[PDB]
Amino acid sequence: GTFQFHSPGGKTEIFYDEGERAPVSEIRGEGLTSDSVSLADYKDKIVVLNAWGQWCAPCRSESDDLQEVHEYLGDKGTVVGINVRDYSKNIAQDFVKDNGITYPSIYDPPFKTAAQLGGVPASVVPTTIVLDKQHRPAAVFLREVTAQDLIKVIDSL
C-alpha cells in the first residue's frame, strides 16, 4: 500500500494522477539544524522533499528556488531537505545558514531514506518529490528543478 517508484523509462520527471497515488512510508530522522525532523509533523500538509548535499553543484544552483517554494507554500506546507553524502555535518549546517535556508533537513549521509521513499534512485542528487496532503507523490523530479517546476505541481494540488 505504500509508494513504489517504478521505472522512469529514460525520463527525468514523473507525474502521478490522484488515482495512481500511494502514501510514502514513515520518514523521520536526525535533523541537520534540529534534534529530529519528521514528516508526521506536517500531516495533511503539502510536503516537498529534496535530496541534496553542499558538495553538489546542481543542489547549490537550485537552492534559492527551493527556498522560494518553501516560502510560497507558507502555512499550507513545507520543504524538507534530505541531506545525503555530507559525512561532515558541520559544513552542511554552514551551507544552510550561509544561504538563508530556513526549512528543515533530515541528516542522512547514506541516504537510507531512499528505501522508505519507494526505491527512488539513491544515485540521483538532487531529487525532488512533491507529496500531496496525503503524503503521496504527485511528482518526482530526477533532475535539478526551478521554483516554477514545483509551483506548477503545487497549484494542481
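Position 1 is the first residue in the sequence shown; the rest follow in order.
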Once average C-alpha B-factors are taken from the entry for 21-29 and 141-149, the winner is 21-29
Tell me which of 34-42 and 57-65 has the higher mean C-alpha B-factor in the deposited entry. 34-42
CA B-factor ranking of residue 50, expressed as a third of its chain: lowest
Binned into thirds over the chain's modelled residues, the C-alpha B-factor of residue 121 lands in the middle
Residue 102 - which third its CA temperature factor falls in, relative to the rest of the chain: middle
Considering only modelled residues of the same chain, in which third does the CA B-factor of residue 90 rank: lowest, middle or highest? middle
Sorting the chain's modelled residues by C-alpha B-factor and splitting them into thirds places residue 133 in the middle
